[PDB]
4 protein chains.
Amino acid sequence: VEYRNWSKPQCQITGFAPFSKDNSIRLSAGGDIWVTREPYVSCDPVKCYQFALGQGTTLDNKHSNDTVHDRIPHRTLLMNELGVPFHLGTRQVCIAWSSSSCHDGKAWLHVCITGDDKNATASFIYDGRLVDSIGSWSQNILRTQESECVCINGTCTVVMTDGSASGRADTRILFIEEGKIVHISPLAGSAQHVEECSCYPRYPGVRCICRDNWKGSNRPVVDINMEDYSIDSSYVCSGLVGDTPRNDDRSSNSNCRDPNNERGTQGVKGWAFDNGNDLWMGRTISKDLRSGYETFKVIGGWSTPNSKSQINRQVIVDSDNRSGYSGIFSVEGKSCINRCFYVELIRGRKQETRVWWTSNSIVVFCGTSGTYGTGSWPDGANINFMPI
Amino acid sequence: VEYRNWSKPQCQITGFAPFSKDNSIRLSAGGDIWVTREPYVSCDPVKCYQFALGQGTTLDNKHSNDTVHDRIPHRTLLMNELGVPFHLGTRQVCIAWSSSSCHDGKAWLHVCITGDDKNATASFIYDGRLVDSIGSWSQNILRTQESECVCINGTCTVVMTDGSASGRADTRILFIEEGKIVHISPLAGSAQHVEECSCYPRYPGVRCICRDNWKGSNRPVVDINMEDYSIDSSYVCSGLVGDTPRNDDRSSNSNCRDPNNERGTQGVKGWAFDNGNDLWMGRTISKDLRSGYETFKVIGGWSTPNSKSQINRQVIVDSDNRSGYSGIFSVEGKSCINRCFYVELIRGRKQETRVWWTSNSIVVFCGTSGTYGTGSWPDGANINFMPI
Amino acid sequence: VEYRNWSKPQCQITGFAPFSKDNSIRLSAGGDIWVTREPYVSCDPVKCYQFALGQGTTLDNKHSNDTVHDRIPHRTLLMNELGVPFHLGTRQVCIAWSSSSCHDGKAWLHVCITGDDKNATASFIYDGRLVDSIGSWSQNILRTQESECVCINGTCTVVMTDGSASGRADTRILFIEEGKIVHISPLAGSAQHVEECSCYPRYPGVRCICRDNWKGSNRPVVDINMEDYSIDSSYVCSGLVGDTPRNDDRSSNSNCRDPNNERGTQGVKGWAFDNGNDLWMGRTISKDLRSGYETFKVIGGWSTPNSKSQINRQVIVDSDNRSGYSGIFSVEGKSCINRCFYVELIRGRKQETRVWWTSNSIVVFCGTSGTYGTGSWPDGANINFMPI
Amino acid sequence: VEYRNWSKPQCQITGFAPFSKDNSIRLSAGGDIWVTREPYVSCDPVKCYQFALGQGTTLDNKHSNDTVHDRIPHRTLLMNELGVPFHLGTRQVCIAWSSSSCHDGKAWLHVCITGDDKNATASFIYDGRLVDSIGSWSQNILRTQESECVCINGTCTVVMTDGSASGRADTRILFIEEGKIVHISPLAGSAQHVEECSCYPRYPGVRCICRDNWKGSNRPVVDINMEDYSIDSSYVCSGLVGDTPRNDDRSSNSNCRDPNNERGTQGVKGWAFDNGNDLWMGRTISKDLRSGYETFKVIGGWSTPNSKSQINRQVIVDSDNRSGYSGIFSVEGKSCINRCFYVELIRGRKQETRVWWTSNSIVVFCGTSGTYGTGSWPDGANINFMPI
Ligand SMILES: *[C@@H]1O[C@H](CO[C@H]2O[C@@H](C)[C@@H](O)[C@@H](O)[C@@H]2O)[C@@H](O[C@@H]2O[C@H](CO)[C@@H](O[C@@H]3O[C@H](CO)[C@@H](O)[C@H](O[C@H]4O[C@H](CO)[C@@H](O[C@@H]5O[C@H](CO)[C@@H](O[C@H]6O[C@H](CO)[C@H](OS(=O)(=O)O)[C@H](O)[C@H]6NC(C)=O)[C@H](O)[C@H]5NC(C)=O)[C@H](O)[C@@H]4O)[C@@H]3O)[C@H](O)[C@H]2NC(C)=O)[C@H](O)[C@H]1NC(C)=O
Ligand SMILES: *[C@@H]1O[C@H](CO)[C@@H](O[C@@H]2O[C@H](CO)[C@@H](O[C@@H]3O[C@H](CO[C@H]4O[C@H](CO)[C@@H](O)[C@H](O)[C@@H]4O)[C@@H](O)[C@H](O[C@H]4O[C@H](CO)[C@@H](O)[C@H](O)[C@@H]4O[C@H]4O[C@H](CO)[C@@H](O)[C@H](O)[C@@H]4O)[C@@H]3O)[C@H](O)[C@H]2NC(C)=O)[C@H](O)[C@H]1NC(C)=O
Ligand SMILES: *[C@@H]1O[C@H](CO)[C@@H](O[C@@H]2O[C@H](CO)[C@@H](O[C@@H]3O[C@H](CO[C@H]4O[C@H](CO)[C@@H](O)[C@H](O)[C@@H]4O)[C@@H](O)[C@H](O[C@H]4O[C@H](CO)[C@@H](O)[C@H](O)[C@@H]4O[C@H]4O[C@H](CO)[C@@H](O)[C@H](O)[C@@H]4O)[C@@H]3O)[C@H](O)[C@H]2NC(C)=O)[C@H](O)[C@H]1NC(C)=O
Ligand SMILES: *[C@@H]1O[C@H](CO)[C@@H](O[C@@H]2O[C@H](CO)[C@@H](O[C@@H]3O[C@H](CO[C@H]4O[C@H](CO)[C@@H](O)[C@H](O)[C@@H]4O)[C@@H](O)[C@H](O[C@H]4O[C@H](CO)[C@@H](O)[C@H](O)[C@@H]4O[C@H]4O[C@H](CO)[C@@H](O)[C@H](O)[C@@H]4O)[C@@H]3O)[C@H](O)[C@H]2NC(C)=O)[C@H](O)[C@H]1NC(C)=O
Ligand SMILES: *[C@@H]1O[C@H](CO)[C@@H](O[C@@H]2O[C@H](CO)[C@@H](O[C@@H]3O[C@H](CO[C@H]4O[C@H](CO)[C@@H](O)[C@H](O)[C@@H]4O)[C@@H](O)[C@H](O[C@H]4O[C@H](CO)[C@@H](O)[C@H](O)[C@@H]4O[C@H]4O[C@H](CO)[C@@H](O)[C@H](O)[C@@H]4O)[C@@H]3O)[C@H](O)[C@H]2NC(C)=O)[C@H](O)[C@H]1NC(C)=O
Ligand SMILES: *[C@@H]1O[C@H](CO)[C@@H](O[C@@H]2O[C@H](CO)[C@@H](O)[C@H](O)[C@H]2NC(C)=O)[C@H](O)[C@H]1NC(C)=O
Ligand SMILES: [Ca+2]
Ligand SMILES: [Ca+2]
Ligand SMILES: [Ca+2]
Ligand SMILES: [Ca+2]
């Protein structure tokens, strides 16, 4: 086997094609399916896997009541082949209420985080063995990506932060070889607050579009130099803006340098990737709630301050349906490396009240250079048929 | 590994031997089994798999109500080893309310179709990656085979149509190498309307017996020249006739050239294959409803206009039991390549009314050059023990 | 890979050691477990598998009612690793209400029989493909081994019979290479009626201890010469006698040549194997019912007419618990080839009446040349906790 | 493949990092999960597996009532990948109410014990085949490790005892090559009573910290010389003491040579391992009940009589939650061999009375040379949501 070095042009894409949907909540009304959240899909050199943070219970289980809480000792990283849902024969790969997994070519690395908020611990499991660990540097919820990490020539890099949610925080980018933390680099550049990076290889670097939870609606950008371990950060140029809350397109801005300060506080995990000076990105259709999901290209979206010229829009989940987190993943193709994304469709509390649980299903699309039509692929569960 | 080129004589067969039955509906009254329809089985060079379009739910689930509808965003192509039923650990290979899968020797290709009726999109997933896609050319339900596609020396060919159901439509035959559409050829020859082809290798070509939904009871024939990408189409000569509705054998005809216009409209997916000037084929025993299933050889059935000389008949499902779609699949043997078939036994609505769901189970037989006896192998579920 | 030629001395054994138990009926009162009967375990060169004829349903299913019947179109041969029970993800390898499976070194062969009693059909599935078939020669329930077949240098041999149950019948021994019936040899020698052979390699031959359903309580012996395809048959010498009904040891006899005519009619599948002039064998503890199971060596049991000198007795299931069929299986060891056996513990109707189903679990032991103690390992299900 | 010879320095560790948790009891209130006890995890050269003694039933099954009993004929050794829980597709590897499993590099060895108390039998299954067996030498419950055995260069060694619980007993250490008992060595040295050894490679020897059930609260030490088959035994020096009941740290002692006679009788399976003259160990937080679990280093804990200097303490399960058995397991690292441990969290009777079953879940941690924080990871099931 050899290590992945991702040195292939990004594929030219026209938009996104349907790829998978696991239908976990519809199935949960007639099956023993895990309660999850924060899903992501990462993919080894032969096949893809879907991951999620389980709540240590199944939906038709009395223990599903009050699973809105993001951190309990019973959360484990579930790992399955993309498309097979989280049934009882699913493997719990590690204890984690925050994770990132990636494969370096030769084996999988999982960074799982559990523990006390104020004194959490992160374990670096590589190829089955626990090879390293690190404790909470700012005593306030050590967290990471919640989507795939990326590895070039042996080194994987994950970005993690500990600190305030909506306040300044301490973000560091760890570089790790075979499970072992070989370097830690603090965040440098313009970004004010990094939460949940959606990173992707951009040989010879890695680039991430993260979430700004303090002062923005525009999304942070974190650039990692795998050779010097140098970090750089910015905001995505596009005036169209990916976070939720967001202003609305008439009143929204980004100057590529600072948090725009328009409905800053909070976010939702999202992604975007550059294509020359253009930007492919996705966001909720709502600017207040995480409902609906749409994708489009923004001409000049990457390189020009405030560019709002959209084209190739696609609705992935209509505005009357719920979405959640979203992240990117890259698959090596024969000729180029493509970009794909998943979108979490959360259901349950607090928004839907009939039931007392909170869980999600996923839908995933991949870039295509061919043609496509139209559609909307929501979760599909009728809330009145669910248990609880 | 090397690519399949299927250059081996067709095996001489005497009739059909029992091969598999998964018992999905009997099992569904005491287990969490997927609701499906449009099953097919395709087979890689070491083993066989059964496929079906799931309705994103299990039978003992309130979401199974009203699964008669053929297209919803929650349908996925399920794939399992032949004989293991669609339980909750089954993989959903792609989003699809229409499909065709085949293996070129080196990996699997799946063509999955989802989307809006009027603007559907087809993704070409090969070896795990999404390698291509195509949008609806006639804005009216892009559809394909619903059974195995076939590949010779690297190129796979699927036939798809977009257009009217019972009216003229636009049928094209796509040739694809490693997931990539490398050529599209429109339907040429005598056939008036192609729906659901049951194709099979006939080195160096591929031959399909499809469904004519507009003007026939006799079945279309589509011949693909893998070297020039030339298409040709006809109708099966046999006066015995494979579609349902059908006239009855006294009053039925086929001249090998045109839709016979005897109870044309509608169909059911079926198959047939040639053997010299003879024809092996199967059909429902009923000519009105898709009930019972029988197979037989028709002497001169392939080459002579209206030949109705039957021999070697076998009942696979008695006339008092339901059948559904049927299709062919080919398995490479040591000496020759054999032909086998599956027959979908649908249950539920609209025909059976106690329950509110619609689903199927399968039974599959393979050609044999040996001896065999008699039997009838229906679905078996007692409708009064089923949920709903 | 290479073919198995089984040329290694039989291991010297002292008695039997516990090996597996799957606990299917206890589990069925809290799980979706298949209803089965006629189990057997066969073993490929790296691991072992347990097989059973399923009744196309699970126990907590209304379709389990009246599963006492031995032949319905919904019976399939289930195959799993020894120890993993028949849950819903179990593969149905073929349609069969009678079977025998074995592995020639290079792949598995399964002979599955389904159909009409009076006109059944047997398919020879080898390595996934259906390679041959044969119809019922005497129009009265074609049947076979119900335990492992054995293959030496490529040729597998199964013994099958068609004819009267308790009356004369037509027994033939088929020799098959890669799924293909290459020779059929009729039964020759002293045996009057062969039903359910428990065969085992005895290089260069194969030897079977079968069931005599017409005139005996002593067990038939069938000897196959793999080189000339010559058959020979006898009765086991031992005056202790393996069938049920049986007389009792005071009044029982066998002269090694003829059916003893002591409580002839009927039987139960059993086994025995020779060791020099001695005989290792097992039988129900009851002589009327198939309850309890015991094993022992009979000094001179193989070579001397009526020898009743027992030693090394072991109780495998106490007399207050039910047993059923039993059969042998051989595993290649480093030095010698060992013999092991399974014993079906049937539960349900007609003997236990609370419930309306009939099913079994298995327990299996293997020969040992070491020491052992004592015990009794019954099914274990409390009939009052079962569904139905 | 080659045999494991474990010749690598023990890794220097700082404490323990979270590794796995399977959540079996929370899941059992909405899933068909096996009732177990005496879990352990052993690990082959590529991945790890969790093992447990099943009670031949699932929790939501009426057969789970009264599973407090440690020995019934229906107990089997369940084996799964670490993290996938004991669902119905889990393999029952052998009949056993006591076990130890290990992998020699080339294949797995399982020593399973079943039978009558007074006349039990142990089978040595290696690589699938039953290769040997041994009967009860003292006619009073033959038992073994209940955790991993260890193999160096081909020879595996398990320690087993037969005799009184709280009284003198007969302990022997068997050395076995490929399933075959090649030598048996009786216990020699200072230890008075050995029960449940937690052994680990310490090239070229093997070292075990066991349970003294007669006269101690300090833990026995058993040293095996793989070259001469010589045994030696002692007590762990530390005055801090690992058994439960225990005195309390003010009043507790160990002189490294004799049972301390402070609350001797009974125990609980535990572990400890040396590091120079220090000792890493774990124990219940309670000294009366097996509740809570803590680990720490004891400076001079290995080499100095009665050393009570603790440091690096970690709470793994808080004192208000239940624990149970605990044992060690070793994983080969790139550079050194690490030590990890699991802790059984038993639930049910006799301590919790609402329910009538007894079962456990596991949590496992591995040594780390990095940093870590704090936490408590209990079972998590709310006893009021459980069946029964
Ligand atoms: C499979 O699927 C199908 C279809 O699926 C769609 O189904 C629903 C449920 C969706 O949510 C999807 O998920 C799905 O896609 C199902 O089939 C349907 O099932 C329904 C039952 O669940 C059945 O019945 C419907 O159900 C609807 C909701 O469930 C109702 O909206 C509908 O009725 C509505 O209008 C009624 C108007 O009259 C109203 O009734 C009130 O009742 C009283 C009756 O007495 C009215 O008046 C009487 O009132 C007083 C006393 O109370 C006086 O009496 S008296 O005379 O003095 O004595 C009045 O004078 C007297 N009225 C007179 C004389 O006129 C009262 O006034 C009404 N109230 C009002 C405000 O008007 C009711 O409240 C509703 O508003 C009806 O119940 C569907 O028909 C059925 N569909 C089909 C095709 O069959 C399947 O069930 C599922 N399930 C399964 C297992 O498969
Ligand atoms: C079958 O399926 C296909 C594929 O999915 C689908 O085609 C796609 O249609 C969408 C929706 O119309 C297209 O996306 C739009 O693209 C335009 C820009 O392209 C046009 O204009 C440029 C020049 O500017 C030309 O070069 C080009 O040829 C086109 O003529 C965008 O403007 C669209 O964005 C606006 O509309 C969105 C909704 O569609 C809004 O949500 C968004 O906020 C934008 O609105 C704002 O700007 C408008 C003016 O710019 C203004 O009027 C508004 O009020 C507001 O201020 C959108 O990106 C997509 O490109 C097509 N993709 C491809 C590959 O063709 C078919 O439509 C579908 N058919 C059916 C029947 O379903
Ligand atoms: C045990 O199992 C075996 C194997 O399954 C089974 O054998 C098979 O039996 C079937 C049913 O009879 C055979 O199929 C029939 O074949 C005849 C033609 O063969 C005969 O005639 C030719 C000359 O024409 C001879 O060379 C040959 O030797 C035979 O004598 C067909 O005519 C049959 O079709 C008609 O009958 C069907 C029902 O059987 C109708 O549904 C069908 O529509 C046809 O009817 C029409 O034509 C008839 C005149 O041609 C007319 O009388 C009717 O009214 C109507 O117009 C059918 O194909 C099959 O070949 C056998 N297969 C083999 C390999 O032997 C055993 O029967 C079975 N035994 C038991 C006890 O179950
Ligand atoms: C712990 O576990 C071990 C291993 O399982 C167990 O040892 C085994 O015990 C059984 C039961 O006793 C032994 O099997 C018996 O063997 C005798 C023959 O051996 C003796 O005699 C010969 C000479 O004849 C000596 O060479 C030899 O040393 C022995 O002394 C058989 O006769 C036994 O069969 C009779 O008894 C059965 C019940 O035990 C009956 O069901 C059976 O029908 C036979 O009865 C008939 O014959 C009797 C006279 O022959 C007559 O008295 C009766 O009325 C009737 O007509 C049986 O095979 C077995 O060999 C032992 N195995 C080994 C390897 O040692 C321990 O017993 C067990 N301990 C505890 C406490 O549980
Ligand atoms: C975030 O997470 C980290 C990592 O888990 C955690 O750090 C760890 O904290 C624990 C708990 O305090 C530390 O363990 C203690 O270590 C001391 C010894 O170390 C000190 O003293 C030596 C000199 O003796 C110095 O060299 C060294 O620098 C330290 O200053 C032990 O004494 C502790 O044991 C006693 O306390 C236990 C409870 O903590 C008792 O249960 C135990 O029985 C011992 O008590 C007895 O002795 C006491 C005097 O010796 C006496 O006062 C008592 O009454 C009684 O007689 C314990 O082992 C551990 O080493 C830290 N690990 C590392 C790597 O740093 C952080 O605390 C955590 N932060 C938050 C906010 O959660
Ligand atoms: C079809 O594929 C087969 C399988 O590879 C080809 O067989 C090879 O061709 C010649 C002799 O037939 C030699 O190159 C090899 O020895 C053959 N393969 C094997 C596995 O023996 C065959 O030529 C192909 N035929 C066509 C018409 O394409
Ligand atoms: Ca924000
Ligand atoms: Ca028609
Ligand atoms: Ca008899
Ligand atoms: Ca003690």
Side-chain angles (χ1 to χ4, degrees), chain A residues 98 100 111 137-138 141-150 152 155-176 183-243 246 252-275 277 279-281 283 298 301-307 326-328:
Chain A
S98 185
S100 166
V111 319
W137 43 81
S138 306
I141 307 175
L142 178 63
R143 334 120 187 158
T144 190
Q145 230 100 133
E146 306 300 32
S147 77
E148 170 192 70
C149 45
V150 350
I152 302 191
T155 317
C156 299
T157 189
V158 58
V159 328
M160 299 190 230
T161 90
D162 199 338
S164 205
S166 300
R168 182 151 66 249
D170 193 337
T171 298
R172 325 255 244 261
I173 289 88
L174 324 202
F175 295 85
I176 141 176
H183 197 292
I184 302 203
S185 292
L187 179 70
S190 346
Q192 294 281 269
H193 196 78
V194 178
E195 203 74 324
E196 298 160 352
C197 289
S198 283
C199 306
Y200 59 79
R202 229 193 84 86
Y203 193 75
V206 170
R207 165 119 82 219
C208 311
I209 268 67
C210 319
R211 151 184 188 163
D212 179 317
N213 221 69
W214 185 23
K215 292 152 158 189
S217 284
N218 40 327
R219 305 196 84 99
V221 167
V222 177
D223 271 288
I224 293 128
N225 179 315
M226 301 309 277
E227 296 157 285
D228 324 312
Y229 304 127
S230 6
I231 305 310
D232 182 12
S233 61
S234 334
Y235 277 82
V236 290
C237 282
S238 153
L240 277 174
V241 160
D243 235 320
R246 187 205 311 132
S252 94
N253 309 82
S254 184
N255 62 0
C256 319
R257 284 160 47 269
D258 319 313
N260 70 354
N261 271 275
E262 290 147 37
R263 278 177 114 204
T265 273
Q266 293 156 51
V268 63
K269 183 181 168 64
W271 62 281
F273 64 97
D274 72 280
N275 176 237
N277 300 271
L279 191 83
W280 274 106
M281 50 165 272
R283 37 151 142 130
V298 181
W302 183 244
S303 300
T304 83
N306 224 199
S307 33
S326 64
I328 196 178

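So you know, we letter chains A, B, ... as the sequences are listed, proteins then strands, and number each from 1.
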Spatial distance of atom [atom1] ([X]) from atom [atom2] ([Y]) [nearest 0.5 Å]:
X	Y	atom1	atom2	answer
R172(A)	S185(A)	CZ	OG	10.5 Å
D162(A)	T144(A)	CG	OG1	11.5 Å
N218(A)	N261(A)	CG	CG	9.0 Å
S233(A)	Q192(A)	OG	CD	8.5 Å
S307(A)	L279(A)	OG	CG	8.0 Å
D212(A)	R219(A)	CG	CZ	9.5 Å

Is a donor from one side chain sitting under 3.5 angstrom from an acceptor on the other, for [X] and [Y]?
X	Y	result
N253(A)	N260(A)	no
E195(A)	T161(A)	yes
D243(A)	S217(A)	no

Any side-chain heavy atom of [X] sitting closer than 4.5 Å to one from [Y]?
X	Y	result
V159(A)	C199(A)	yes
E196(A)	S147(A)	no
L142(A)	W137(A)	yes
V222(A)	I231(A)	yes
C208(A)	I224(A)	yes
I152(A)	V206(A)	yes
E262(A)	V241(A)	no

[X] and [Y]: which non-hydrogen atoms are nearest, and at how many Å?
X	Y	result
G270(A)	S198(A)	O-OG, 2.8 Å
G216(A)	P259(A)	N-CB, 4.2 Å
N225(A)	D228(A)	OD1-N, 2.8 Å
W302(A)	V221(A)	CH2-CG1, 3.9 Å
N213(A)	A165(A)	CB-O, 3.2 Å
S164(A)	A169(A)	O-CB, 3.4 Å

Go through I209(A) and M281(A) one step at a time and tell me if the side chain to side chain contact (heavy atoms under 4.5 Å, CB included) criterion holds.
CA-CA 10 Å; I209(A) 268 67; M281(A) 50 165 272; over 6 Å; no
Could you give all pairs that pass the ring-ring contact (aromatic ring centres under 6.0 Å, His included) test and reach residues 195-229 of chain A, with sequence neighbours left out?
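Qualifying pairs: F175(A)-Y229(A), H183(A)-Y229(A).
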For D274(A), what residues pass the salt bridge (charged side-chain N to carboxylate O under 4.0 Å, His left out) criterion, not counting sequence neighbours?
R202(A), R207(A)
Restricting to salt bridge (charged side-chain N to carboxylate O under 4.0 Å, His left out), what partner residues turn up for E148(A), sequence neighbours left out?
none
Once you find the SG atom in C210(A) and the one in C197(A), is the distance between them below 2.5 Å?
yes
Give yes when the SG atoms of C237(A) and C256(A) are nearer than 2.5 Å, otherwise give no.
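Yes.
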Using modelled atom types and a 3.5 Å cut-off, is there a donor and acceptor pairing between side-chain atoms of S190(A) and backbone atoms of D258(A)?
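No; zero donor-acceptor contacts below 3.5 Å.
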Run through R143(A), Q145(A), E146(A) and flag the one making a side-chain hydrogen bond (donor to acceptor under 3.5 Å, both in side chains) with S98(A).
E146(A)
Side chain to side chain contact (heavy atoms under 4.5 Å, CB included), that's the test. Do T155(A) and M226(A) meet it? Break it down for me.
CA-CA 8 Å; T155(A) 317; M226(A) 301 309 277; 4.2 Å; yes
